[PDB]
């Protein structure tokens, strides 16, 4: 049965990515639960230096039960390790593998009428590089790291000199993990682009390609430019750490800010790489359940292309307090505001698609509508942040954390859930139970809002990012945020229950198209699941 892992079929590779992204997602979400346990109340109660004296297993277990402050020596290194771990897993080993590696590999060839990807053996290799990258990232958490403990306490973006002076080799492992992720993504992108250009079915013209396939195509191009730049940035960290270079060390004439320019040159595209496939999925879902063709097909394609392109010229909005000149700050502010227009516009198109439709509120549609709301709430705080004068106050506070969890983290996640409920019958031959779909949606929707909305208040009140502990006054909204996270976690465990139920005993799917005629792309003309060899 472990002939799953040696398969080169785009459908099998897609399923492997979805399950793996899901499992890594579970691990990273569990890190957020522990994080929110410690942030639930001021004073440190869980992350005690005393737990280090115990074994690896025994220490782990004591750390899940609160201690009195008087018996708990605060261990800031563990906080920093956990949040670094949370961030890296999500940005490299969860959502892109799920969306691009998972749904991208499964569905893009189906959508364009291609039998398989241009280079199936390379596709299989991309999966194994993802797995190897994940393995190294996780290994780094248990490798000798900063402050004579395990793991790297350095932030998902690895700013030097902190990243370059962190002791042990945990950080070098993290850097190798990111190289492997980049390689996986680049192979994926090469496959996606080659297939999309060369292997469309006869009659499948550029203007007839479904929006999801377009979203994967644009995403693939962002990856080819962004990921090699990141490869440079982190290799330069690796050489500062191990091979005597001083790219980012002032003693040798280096500039730590140089790293930031290079990192964020990857870093901004990265967030659009995350969200573009979600845009694709939202378009398919809304068109289906509104029973109405997508409003402005060509503007949707062009908006995506434009966003993709402009996403390469805004990076320094992540650097407004880093020591940028007034001219630089002003330019990046204007460039950021411009890209806001096509991005924010797409919300109007999705609403226009619903408008005058015949709307069914099945689970996938609920996720899509949740996406529109959360992406809007997140997008508008982006507008606030773009204004450098106001970012002066918000930068490196929880207001930014609230922003990107709304716009990016929940955007991607609601996109993922929309896809899973939309397509699980197609992929598996079994249908999810509708009442459980909806219960998942409402628990998650309420949970996510309780988690992140109060973080805007923490940020306005000046709570910094990356803090194990905080002044008493921040207690109320931290407590509410943590209750939200615990409810979101419950909803995710319920989801995993729903998926287990669906795949083992869900109602048999009998129809090729178990939705309606307005799901009008090619996968809905095939059986459920599709034939081994399609087209």
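We call the rigid core the largest set of C-alpha positions that still match within 1.5 Å between the two forms. Positions refer to the first chain, counted from 1.
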Task: RMS CA shift, core-fitted in 4 other deposited structures of this protein, bigger for 405-413 or for 216-224 - done: 405-413
Open item on the list: Quick check: by Cα RMS after rigid core superposition, does 336-344 or 352-360 differ more from this form in 4 other deposited structures of this protein?
Closed with: 336-344
Open item on the list: Averaging CA B factors per stretch from the PDB record, which one is higher: 32-40 or 502-510?
Closed with: 502-510
Open item on the list: Can you tell me whether 196-204 has a higher mean C-alpha B factor than 253-261 in this record, or the other way round?
Closed with: 196-204
Open item on the list: For the CA B factor values reported in this entry, which option in 431, 80, 449, 349 has the top one?
Closed with: 349
TODO: Between 471, 484, 55, 497, let me know which has the highest C-alpha B-factor in the entry?
DONE: 55
Open item on the list: Where does the C-alpha B-factor of residue 364 rank in its chain, lowest, middle or highest third?
Closed with: lowest
Task: Chain-relative CA temperature factor third for residue 381 - done: middle
TODO: Please place residue 339 in the lowest, middle or highest third of its chain by C-alpha B factor as given in the entry.
DONE: highest
TODO: Relative to the other modelled residues of the same chain, rank the CA B-factor of residue 148 and answer lowest, middle or highest third.
DONE: middle
Task: Chain thirds of CA B-factor: placement of residue 179 - done: middle
